[PDB]
Structures are given as C-alpha cells and as structure tokens.
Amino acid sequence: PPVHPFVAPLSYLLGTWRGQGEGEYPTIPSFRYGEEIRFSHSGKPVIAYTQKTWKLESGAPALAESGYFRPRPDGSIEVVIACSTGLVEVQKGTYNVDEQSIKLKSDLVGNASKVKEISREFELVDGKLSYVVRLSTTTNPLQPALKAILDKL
C-alpha cells in the first residue's frame, strides 16, 4: 500500500531500528538494555509501532510495547501504547519536520501503580533514532528515566 499523505512526513521512521539504551530514576539503580523498534503501515493514516528490549549480555527478552502513531497535517500527533507490564498510555503532542522530532506528553496513563505522567521525545540525529522517556510519580516530578539511540537496519 502507498504511504498515506498524513504518514508521509514521518516516513523517515518506517523500518526496523536496533540499538541500546540506559535507564535511571530515583530509587532505581542505573541499568542498560538493548532495544529494537519497528514502524510499519498499511496505507491508513496510522503508523504501527512495536518495540522490545533485552539484556545486553545474553539477549534475554525483557519487556515489550506496541501501539499506533496518528500524525495529522497540522503537525499534531496522538500516540497510543500498550506495555507488557500492563500499562496503557495516551500520548499527545507535535512533530517538527525541520528537526525530524516528535514531542509527546501523556494525556492518560492507565493501570499504573506509581507512574503519573510519561513524556516521550524522539529525534532523528544523523540518521539514528534517539529518544528520551521522562516519568513522574506522586512524589517525583517529571524527569528522565530512559534514553536510547537506535540505528536503522
């Protein structure tokens, strides 16, 4: 299927990406992980997102998430994600064509015991996909939790 006009500005995402990241948060000792992301489409104004992580040393599976990115030609975007840990997120924000960036903040986090808000920011940097995930809790204000860089395969 052809790329939908609403998806075309984000066509740089389409494909599979692999790299590594680092997590750290108050009370959570720093850790590293491997990550793979696939962005795909079926001609609708939606990009399917699938992600998995693993332990570096072994490749042992860790977590997974999946969802859908819905860009619109005014530069707005909404993203819905379900996580293997049992959370859901509704993310809203904007994309910037000049910067090849996507900036999202949660409108909703569902089924979480502690997390209150999640922000997600993507940026293409020299053709690599970077992101920062920031998290808040009732007692910890929004702050970095995960960051990764992935190469396009």
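Position 1 is the first residue in the sequence shown; the rest follow in order.
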| item | value |
| --- | --- |
| Mean C-alpha B-factor comparison - 53 to 61 and 110 to 118, higher one | 53 to 61 |
| 81 to 89 set against 96 to 104, stretch whose average Cα temperature factor tops the other in the entry | 96 to 104 |
| Residue of maximum C-alpha B factor among 67, 45, 34, 26, per deposited coordinates | 26 |
| CA B-factor placement of residue 3, once the chain's modelled residues are sorted into thirds | highest |
| Third assignment of residue 142 from its chain's C-alpha B-factors | middle |
| Lowest, middle or highest third - CA B-factor, residue 10 | middle |
| Lowest, middle or highest third - CA B-factor, residue 133 | middle |
